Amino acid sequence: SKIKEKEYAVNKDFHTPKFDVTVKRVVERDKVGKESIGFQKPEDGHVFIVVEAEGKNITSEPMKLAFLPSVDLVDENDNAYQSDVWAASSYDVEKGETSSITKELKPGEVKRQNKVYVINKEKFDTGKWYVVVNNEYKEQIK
């Protein structure tokens, strides 16, 4: 139809030894970016699936960004998807998240970890989908 975006609220925090990972929402959309920096569109029959997430260092020492837990979009056949780093970057600027990130998070510091996937729309729309955190939690979004 004329519906450009469909949203799935999660709004849950998941505890891992070093980080509390919050998953805010998953968004199905036709494009990412800003008019100033240009827009990106997925190719025919595909959509961008955006998983908005963030991690908070809950230890008393700085921890490396490399240790942030994995957050993956997973289908009913257990295929876990790899984020499109370019689309994710456009989506980040789109949201005003424009600042190089640091290599470590400080104690109590929060770091955005938005993922953007390019998925077949029919597959996304007709199947069951989940967000898997640290290969430890499985949250069904649809």
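Heads up: residue numbers just count along the shown sequence, starting at 1.
Of the two segments, 115 to 123 and 17 to 25, the one listed with the higher mean B-factor is 115 to 123 (C-alpha atoms only). Of the two segments examined, 104 to 112 and 48 to 56, it is 104 to 112 that shows the higher average Cα temperature factor in the deposited entry. The top Cα temperature factor in the record, among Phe67, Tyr91, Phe39, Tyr81, falls on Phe39.
When the modelled residues of the chain are ordered by their C-alpha B factor, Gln140 lands in the lowest third. Among all modelled residues in this chain, the alpha-carbon of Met63 has a temperature factor (C-alpha) in the middle third. Ranked by Cα temperature factor within the chain, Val32 sits in the middle third according to the deposited record.
When all modelled residues of the chain are sorted by CA temperature factor, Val85 is found within the highest third.
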